[PDB]
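> The structure under discussion is supplied below as structure tokens; questions concerning it will follow.
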Protein chains: 6
Amino acid sequence: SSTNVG
Amino acid sequence: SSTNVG
Amino acid sequence: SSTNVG
Amino acid sequence: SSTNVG
Amino acid sequence: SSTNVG
Amino acid sequence: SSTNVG
């Protein structure tokens, strides 16, 4: 899983 | 899974 | 952008 | 951007 | 898993 | 950016 916020 | 917010 | 492979 | 492979 | 915020 | 492989 990968999560990016920005 | 991959999630991007921005 | 978001990319998932798998 | 977010990328997941697996 | 990978998480980036910024 | 976030990248996950595995």
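Residues in the structure tokens are numbered from 1 in each chain, the chains being A, B, ... in the order shown, and ligands are numbered from 1 in the order shown.
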Which chain A residues have any atom within 7 Å of an atom of chain D, and for each, what is the nearest pair of atoms with distance in Å to one decimal, counting only C-alpha atoms, rows sorted by chain and number, as CSV?

```
residue,atom,partner,partner_atom,distance
A:1,CA,D:4,CA,5.8
A:2,CA,D:4,CA,5.4
A:3,CA,D:2,CA,6.1
A:4,CA,D:2,CA,5.4
```
> Report the residues of chain B whose backbone DSSP state falls under strand (DSSP E), written as a PDB file with C-alpha atoms, in the first residue's frame.

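Listed below is the output, result.pdb:
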```pdb
ATOM      1  CA  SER B   2      -2.655   3.290  -3.674  1.00  0.00           C
ATOM      2  CA  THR B   3      -4.243   6.501  -2.422  1.00  0.00           C
ATOM      3  CA  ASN B   4      -3.384  10.069  -3.418  1.00  0.00           C
ATOM      4  CA  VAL B   5      -5.033  13.182  -2.011  1.00  0.00           C
TER       5      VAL B   5
END
```
